[PDB]
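Chain A is the first sequence line, chain B the second, and so forth, proteins listed ahead of strands; every chain is numbered from 1. Order of appearance sets the numbers: ligands from 1, and atoms from 1 within every ligand. These values consider heavy atoms only, across backbone and side chains, with no hydrogens, waters or symmetry-generated copies.
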Amino acid sequence: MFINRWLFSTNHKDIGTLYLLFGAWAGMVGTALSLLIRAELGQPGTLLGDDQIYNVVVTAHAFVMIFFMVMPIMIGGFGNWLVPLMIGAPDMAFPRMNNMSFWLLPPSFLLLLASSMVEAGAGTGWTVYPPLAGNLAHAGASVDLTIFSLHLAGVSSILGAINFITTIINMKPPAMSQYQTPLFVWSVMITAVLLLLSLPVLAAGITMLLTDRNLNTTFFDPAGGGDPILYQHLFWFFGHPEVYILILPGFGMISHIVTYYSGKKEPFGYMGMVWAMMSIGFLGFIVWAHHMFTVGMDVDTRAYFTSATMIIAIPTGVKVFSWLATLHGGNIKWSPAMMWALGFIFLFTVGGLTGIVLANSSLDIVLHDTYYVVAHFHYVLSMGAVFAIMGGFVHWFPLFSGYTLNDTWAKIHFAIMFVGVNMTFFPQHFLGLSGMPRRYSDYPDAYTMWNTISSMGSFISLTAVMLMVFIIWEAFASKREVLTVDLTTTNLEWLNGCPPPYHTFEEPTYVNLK
Amino acid sequence: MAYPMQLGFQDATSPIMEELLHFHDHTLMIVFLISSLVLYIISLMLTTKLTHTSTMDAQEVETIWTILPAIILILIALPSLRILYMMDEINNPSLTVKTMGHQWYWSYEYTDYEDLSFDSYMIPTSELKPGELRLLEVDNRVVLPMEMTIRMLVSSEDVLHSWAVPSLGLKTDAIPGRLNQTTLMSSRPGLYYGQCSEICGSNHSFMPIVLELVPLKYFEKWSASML
Amino acid sequence: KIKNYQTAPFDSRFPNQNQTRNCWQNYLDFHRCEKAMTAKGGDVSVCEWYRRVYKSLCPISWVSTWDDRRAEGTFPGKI
Amino acid sequence: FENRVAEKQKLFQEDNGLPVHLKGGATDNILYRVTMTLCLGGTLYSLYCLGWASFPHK
Amino acid sequence: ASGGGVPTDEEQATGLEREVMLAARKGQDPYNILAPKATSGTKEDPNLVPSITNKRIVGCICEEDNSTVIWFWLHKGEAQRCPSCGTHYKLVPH
Amino acid sequence: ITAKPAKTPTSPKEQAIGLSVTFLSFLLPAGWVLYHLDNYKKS
Amino acid sequence: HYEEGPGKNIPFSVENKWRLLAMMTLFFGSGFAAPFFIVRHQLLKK
Amino acid sequence: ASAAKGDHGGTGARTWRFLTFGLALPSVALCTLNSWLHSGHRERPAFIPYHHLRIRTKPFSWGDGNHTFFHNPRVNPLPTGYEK
Amino acid sequence: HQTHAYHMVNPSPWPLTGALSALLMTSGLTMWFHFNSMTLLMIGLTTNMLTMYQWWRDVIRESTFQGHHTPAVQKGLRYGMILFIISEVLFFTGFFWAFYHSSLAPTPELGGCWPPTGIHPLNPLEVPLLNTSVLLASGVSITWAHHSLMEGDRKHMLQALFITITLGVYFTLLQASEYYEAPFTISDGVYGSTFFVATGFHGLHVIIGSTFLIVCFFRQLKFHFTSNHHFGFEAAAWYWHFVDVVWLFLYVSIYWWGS
Ligand SMILES: CCCCCCCCCCCCCCCCCC(=O)OCC(COC(=O)CCCCCCCCCCCCCCCCC)OC(=O)CCCCCCCCCCCCCCCCC
Ligand code: HEA
Ligand SMILES: CCCCC/C=C\C/C=C\C/C=C\C/C=C\CCCC(=O)O[C@H](COC(=O)CCCCCCCCCCCCCCCCC)COP(=O)(O)OCCN
Ligand SMILES: CCCCCC/C=C\CCCCCCCCCC(=O)O[C@H](COC(=O)CCCCCCCCCCCCCCC)COP(=O)(O)OC[C@@H](O)CO
Ligand SMILES: CCCCCC/C=C\CCCCCCCCCC(=O)O[C@H](COC(=O)CCCCCCCCCCCCCCC)COP(=O)(O)OC[C@@H](O)CO
Ligand SMILES: CCCCCCCCCCO[C@@H]1O[C@H](CO)[C@@H](O[C@H]2O[C@H](CO)[C@@H](O)[C@H](O)[C@H]2O)[C@H](O)[C@H]1O
Ligand SMILES: C[C@H](CCC(=O)O)[C@H]1CC[C@H]2[C@@H]3[C@H](O)C[C@@H]4C[C@H](O)CC[C@]4(C)[C@H]3C[C@H](O)[C@]12C
Ligand SMILES: C[C@H](CCC(=O)O)[C@H]1CC[C@H]2[C@@H]3[C@H](O)C[C@@H]4C[C@H](O)CC[C@]4(C)[C@H]3C[C@H](O)[C@]12C
Ligand code: CUA
Ligand SMILES: [Cu+2]
Ligand SMILES: [Mg+2]
Ligand code: NA
Ligand code: NA
Ligand SMILES: [Zn+2]
């Protein structure tokens, strides 16, 4: 029964639990990698004494955080747990294919581990640009294992996207239109359309890299008439959609959390929030070359990409102001989840605004490939995704587990984390403006003070992660079983109790049309 | 070069870099304002016992918060694009210099008249003369005439690199098989520093760029002294 | 003998950041011209402009590789 | 050929508690064990190969 | 030849597919494929909510085009009202 | 949210144990590797 | 059929909080330790 | 944009069989003829060791490492030229 | 029990064996490319084929034999197959992008022209045109099969599907012969790279599609399909039209425009 239940699952909740477990474990790996990065930079000189290893650590840090921590937690974990419950469905459309999306990830992760253990690792950047990632500058198996790791993660998410789109379109109650489905369900649907369209292009691109490295193709090799910049276009045609994939389920959870702890039955401006997510998803496909403003493109192309990129601020701002307008007039419950969501709104806004700075290709000449970009995305992506994830975990942990957290401990954990991430990343703006490149194992002496402070910040967030583990233990250790939650009339996922039975909605909800 | 505890951009050495500084001041003011308004409004929403939990109508307020961001974006984009098109307009240089990236050093070619070329390596920390800068000096600097429009052509003989000099507002990727152009104009004599800006392997952190800007007559003497 | 040559001027055929084709075209132009001028009545001095431009713009290793391949019979452009 | 679908419908609807991947009878079990043995053995072999490839081989 | 030899659903559908097909013939919806049409929802004319058991979750879209659905368990016994719009619902077991 | 009283309450002493054990499980292995970095770099 | 309810819908036991603490410590500690040991492995390789 | 054919009234199997045998398979027959007229081998061209062709940055994982997967000795020269 | 129409699937080992097969194939390719051995790759290919066979066998058991494919379940499978085909279109789009990027801006290494110096393309009016007529014809014949099935005509469904499969096999053998006769190779710069990777992935999809049609052929022989319920046949036809449309784009782009 253990193997049948946990290895042969066809249950959306159990598969969601596997994803949350996997993502949490990956989060520990990616955190350890981030601390090694900051240890190398925490004083001038060399710590590891091997900058190829440093580059391998940076590369792995990013792949682990994006592909094994954020997307499995948001889409595989919260998506599988919550989406069928929020639409009253009895499971996902393809419950058995769903289990394969999960089980592809431990092999994917194993292939990434293998990449770093054989030869000298893939010290390429998570972008894996040729020719550095080609078979002369990265000879041997490491880059190919990385490519295969990405193929398996890609198949996992493409099939998961097929599952979520089908579920959400096809398995709502017959009376419920798409404009009666909760915003988190919208956010997953749109994220899934972005994955469906973007990951195959990445797959095409890394497959061409594979064949340049092993079958004597020259897609990216000028000696055969190829072009390194073609790889960049294919990569970023996937990679800009990817960053919106990483935040969109977060936007969906934030809408639910802010609504809930403002004591509201609904988010402010629902159709605007749907519009804004669809607009961000659409614009997210026509901006990718803002990752390429220094490669030598024509001025009119740089002008188009500057302009198109900035337009995304308009729908994003509608969502930010609408969250504020949801708080407006609320009976505010200062829960730990609410704290995470409030920190999200502010830190995501800061990060989005430095993204608008970078959108200006003239200024990006001086800021590209510097710590200003690192600061931008650790605000908007790293803090953005982590705070939405923490807010969602604290809010829904009692649903998934049946047990309550200690709220005081959870607030302490929030406080430590908020200090730690801001001490870590805010000084990196100064390092970027003053010209410190990213992807460096050591820096000119002038940059010492802010690197020292940033590394000290990284340890504070380590203390938070450790505390988070203790807090989860304490909840399972004390076994305070949930009785009731408020606002179930507008939060259907709670209405089958905590945790819900293995099968829910065997008798579907009754919704009439009138 | 950067200096300890620096918060902003290196001092501008070229007119285009001055333009960027003014454009950044303009944009950062907007960033500060919007960030601070969001923070304020969060605190405003959270500091009253008054409530209103029934459905709120959204249409009117959404005109404001699409039109006003649209106007702000236009006020960023107009100076942004003006500077973009300035950088691109015809500058008619008096000198072309090529630089080729390698793992891990730069080489330079001055082939307008004489066929001069040479390699430029970081000085190891153990060899720095007293008072010289760790990770930044090179053995052979890029001698150039000040107050003159110079065409730099950038490429690579192996992996990607990127040739950058922050105080001149310059960063151009060095791509094998491709010859990227940028223009360089220093308002001042002196030494101007930069660092490889596209990850290129083991020693990415250790292949810096040093320009040495001098009056034309001294540039010519130096050129002349190379034959 | 019109010279006063300093460096290659702006060429409206090649107005963007990628200058590869400008180097390539003048390299071809010079060598096509220098071949033509081995007919009866020709001197390579007429080819000088292309020569100065490609020497100014082209990386030395590109010129050297192209020269080597012209001598091997493996140059892929038409001269 | 004749239409024998009804007899397969009777077989696969028999209330014997078997999951669908084993409900055809003893051949299903054989094919399953072959498959799983190859998968788990290959996975063990792949881990062996990682170990081998993780260290320089002289 | 333009002949035959392809089974029909009536001949060969089985299991739940066949139950759905047969119920559709009789105009019944035991598997909840259709959205029910509301009554006036008064106390005298409550919406009648079938269930195989003694409680079922109702979602109430109180006005046409509301995006917010109001969810609650409806129990056997006296009709209950939507906590948002007050329309009445009465469970009819099975 | 409302909840039944803890089935198996975790005293402050019990918490101090779980916290210390948790923190040690992160810190000791990483500490061992980092302490011995120079023993690695010289091999 | 499977067990349901708090502490029964998970692939690890919470019957004993100290056994749990060992499990969680091995679980999260193994993931956190792994990058330090891979770095060690690469530094030691040659 | 519908060719010069023209036969509906309630589409069906009979019409699509008519297209299959009356248009589609005749087209295949005609292209098969066309093709099995212009078949026969062309003069293979002088070998020139162009550096953008016969690329070898890593040996192939079969044979001697220097032959492509569907190598045809009559028309595929190696980096050093045609085979004996 | 349930009173919805959706399918609660029995716990299954095939997701796990499929995921492990993926680990074995990719680590197997790595070992082939770098450590001169096909062992892991052969195990992975074998377990992948075993996984697909048993998984789709079980889907047949669940639907033809157990009745779980209600109209709602079928509707879900229609969406799933359309979405899968869309993802496959985007995969090919990446290869077309690479082709147009290289061919619209030929670099000096090529001769600054397209086709590159030294490349002698196939004549698109010879076997490539025949292949085009073959796949177009099989789109007509599979539509005849579809209508015959809907009209209850077993014999003509089987004839038309047989013709469709025969044309798919003919395409594959023609393409195998053209690969062998081609005077250029995958190592012939970006021309060979784009040609063989793009037509090669397409050829793989022709083999996949043909195999899917063969599965349908045998299921039809065994009377699995009704005149109204036959989604495996509809999915294989959709997939087959997708393979035909990709070919037309390849023919116009790489063979004809690129020659
Ligand atoms: C929670 C705490 C954790 C601890 C870690 C730190 C957290 C961050 C809090 C820190 C509290 C932040 C208050 C504004 C910071 C601006 C500092 C500055 O002087 O910046 C200067 C400029 C460049 O300026 C120059 O070229 C000239 C510099 C010198 C000016 C002349 C005076 C000479 C002396 C200067 C003395 C200092 C001046 C400062 C003047 C101070 C004015 C406020 O650099 C930059 O652009 C860097 C900007 C990065 C872009 C992000 C902007 C959005 C942030 C708005 C809310 C803060 C979020 C904080 C993140 C969250 C904070 C809550
Ligand atoms: C969660 C992930 C995430 C998100 C959501 C974003 C959002 C944005 N990003 Fe960022 N980005 C990354 C993750 C993300 N980014 C990553 C990982 C990289 C680097 C990859 C690498 O190189 O490794 C990166 C890199 C990156 C670059 C390339 C920089 C370079 O390498 O030189 C650029 C350039 O334009 C950019 C711009 C933006 C913009 C304009 C947004 C916008 O969508 C932000 C819109 C939000 C706001 C503007 C705030 C809220 C709005 C209001 C309150 C309204 C009023 C505001 C105005 C009128 C301005 N990003
Ligand atoms: C007959 C019609 C065509 C049918 C298909 C033929 C075989 C293709 C098999 C799979 C095709 C998919 C990969 C395409 C990779 C390259 C193969 C290109 C097609 C082909 O077969 O190309 C041949 C070379 O094959 C070679 O290198 C060897 C190829 C064998 C090793 C391939 C290893 C790479 C596989 C990578 C898979 C990545 C998949 C990722 C999917 C991710 C999804 C998200 C061409 O032979 P040639 O002798 O060079 O020139 C002929 C001269 N007379
Ligand atoms: C470099 C080498 C890389 C190698 C990577 C290898 C990766 C994976 C190993 C794959 C093994 C596949 C095993 C067969 C999977 C069959 C899935 C399937 O057919 O899923 C179906 C749903 O997907 C649908 O329809 C529509 C979708 C059908 C998907 C079929 C499988 C495709 C797997 C590869 C996809 C790649 C993406 C391509 C685009 C880039 C059925 O869903 P179930 O939940 O099962 O059942 C529901 C029941 O009601 C049925 O009665
Ligand atoms: C030489 C061998 C080479 C091997 C490599 C891959 C090989 C071959 C794979 C060929 C695909 C075969 C798929 C067979 C699926 C059979 C199961 C099936 O068709 O199942 C049908 C459901 O469809 C469904 O799940 C639809 C299921 C969708 C299947 C989609 C398959 C596409 C697979 C692509 C995989 C590779 C991707 C590309 C790589 C780059 C069952 O429903 P019905 O038909 O209505 O029947 C019910 C009636 O009888 C009731 O009266
Ligand atoms: C980036 C995250 C890292 C966070 C920093 C970790 C904080 C410190 C945790 C403690 O780590 C321990 O430190 C000891 C030193 O205090 C080491 O003992 C070492 O040093 C001792 C004293 O010299 C000897 O007795 C031991 O045998 C010798 O192994 C021991 O190995 C190590 O586990
Ligand atoms: C028409 C549509 C849906 C309305 C509904 O059926 O409920 C609504 C939803 C969100 C609205 C948009 C958003 O509110 C954002 C923009 C707000 C401006 O005031 C008008 C244009 C604007 C782009 C809106 C146009 C239109 O009213 C939208 C698109
Ligand atoms: C045996 C079967 C009879 C139909 C039925 O069983 O009622 C018949 C009907 C159609 C026949 C098939 C179709 O005519 C198509 C093919 C015709 C080829 O000449 C032989 C094989 C071929 C595939 C036939 C095999 C067999 O004779 C089939 C399959
Ligand atoms: Cu050269 Cu980085
Ligand atoms: Cu982007
Ligand atoms: Mg760069
Ligand atoms: Na360092
Ligand atoms: Na049909
Ligand atoms: Zn109501």
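Screening the protein for N, O or S atoms under 2.8 Å from atom 2 (Cu) of ligand 9 yields 4; no waters enter the count. Take the Na ion (ligand 12) and draw a sphere of radius 3.0 Å; the protein N/O/S atoms inside it number 4.
Using a distance-only test at 3.5 Å, with no hydrogens or angles considered, a donor-acceptor pair links the side chain of A/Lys514 to the main chain of E/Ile61. Using a distance-only test at 3.5 Å, with no hydrogens or angles considered, a donor-acceptor pair links the side chain of E/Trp73 to the main chain of A/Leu495. Put simply, the side chain of E/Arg56 gets close to the backbone of A/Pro508: a donor and an acceptor are under 3.5 Å apart. Between the side chain of A/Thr326 and the backbone N or O of A/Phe268 there is at least one donor-acceptor pair closer than 3.5 Å. Within the 3.5 Å criterion, the main-chain N or O of A/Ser116 finds a donor-acceptor partner in the side chain of G/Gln42. Between the side chain of A/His138 and the backbone N or O of A/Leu132, at least one donor-acceptor pair lies under 3.5 Å. Under the 3.5 Å distance criterion, the side-chain polar atoms of A/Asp50 are matched with a main-chain donor or acceptor of A/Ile53. In terms of modelled atom types and a separation under 3.5 Å, the side chain of B/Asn180 and the main chain of B/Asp173 share a donor-acceptor contact.
Protein N/O/S atoms closer than 2.8 Å to the Zn ion (ligand 14), listed by chain and residue number, are E/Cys60 SG, E/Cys62 SG, E/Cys82 SG, E/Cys85 SG.
Of the charged side-chain nitrogens involved, none lies within less than 4.0 Å of a carboxylate oxygen, so that A/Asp364 and B/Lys171 do not count as a salt-bridged pair.
By the ring pair (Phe, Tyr, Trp, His ring centres under 6.0 Å) test, E/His75 pairs with no residue at all, sequence neighbours left out.
Between B/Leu179 and C/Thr20, the shortest heavy-atom contact is N-OG1, 2.9 Å.
Taking CD of B/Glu157 as the reference point, atom OG of C/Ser61 lies at 3.5 Å (rounded to 0.5 Å). In this structure, CZ on A/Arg439 lies 9.0 Å from CG on A/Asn55, to the nearest 0.5 angstrom.
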